[PDB]
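# A closer look at the structure
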Amino acid sequence: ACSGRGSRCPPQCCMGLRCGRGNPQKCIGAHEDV
């Protein structure tokens, strides 16, 4: 199962998210421009 907004990739972030690089890595939202 994909990653959620708080976990890195993989698991590849779920629909709407993107893998936000950094340490610790964490997926964030692509369509989250706020």
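Residues numbered from 1 in each chain as written, not as in the entry; some residues may be left out. Heavy atoms only, no water. Residues with missing side-chain atoms left out of burial classes, pairs and counts.

Deposited coordinates in this entry are attributed by the record to solution NMR.

What the PDB entry is called, per its title line, is "CONOTOXIN GS, NMR, 20 STRUCTURES". Here is the UniProt Subcellular location comment for the protein chain, exactly as written: "Secreted". (UniProt positions renumbered as here; feature names shortened; annotations may be inferred.)

## Focus on the overall build of the protein chain
Within the protein chain one finds zero helices and two strands. Over its C-alpha atoms, taken along the principal directions, the protein chain stretches across nearly 20 × 20 × 10 Å. (Helix = DSSP H or I, 4+ residues; strand = E, 2+ residues; numbered from the N terminus.)

## A look at the UniProt feature "disulfide bond" in the protein chain
For the UniProt disulfide linking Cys9 with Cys19, the SG atoms sit 2.0 Å apart, under 2.5 Å and consistent with a formed bond. One end of the pair, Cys9, is in the segment before β1 (17-20); the other, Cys19, is in strand β1, with ten residues separating them in the sequence. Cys9 sits in the partly exposed class, given a relative accessible area of 29%. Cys19 gets classed as partly exposed once you look at its relative accessible area, which sits at 32%. Between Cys13 and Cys27, where UniProt places a disulfide bridge, the two sulfur atoms sit 2.0 Å from each other, close enough for the bridge to exist in this structure. With a gap of 14 residues between them, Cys13 in the segment before β1 and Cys27 in strand β2 (residues 26-29) connect regions that are remote in the sequence. With relative accessibility at 0%, the residue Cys27 sits in the buried group. (Disulfide = S-S within 2.5 Å. Buried < 20%, exposed > 50% of the residue type's maximum accessible area, 1.4 Å probe, protein only.)

## Regarding the state of the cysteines
Within the structure shown, the criterion is met by three disulfides. One disulfide bridge connects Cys2 with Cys14, the sulfur atoms lying 2.0 Å from each other. Between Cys2 and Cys14 the sulfur-sulfur dihedral comes to about 90°; the bridge is accordingly right-handed. With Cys2 in the segment before β1 and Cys14 in the segment before β1, this pair connects stretches of sequence that are twelve residues apart. By relative accessible area, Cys2 is classed as partly exposed at 45%. Linked covalently through their sulfurs, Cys13 and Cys27 form a disulfide whose S-S length is 2.0 Å. Residues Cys13 and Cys27 are joined through a disulfide that is left-handed, its torsion about the S-S bond being -75°. Along the protein chain, the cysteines engaged in disulfide bonds are linked according to the scheme 1-4, 2-5, 3-6 when indexed in sequence order.

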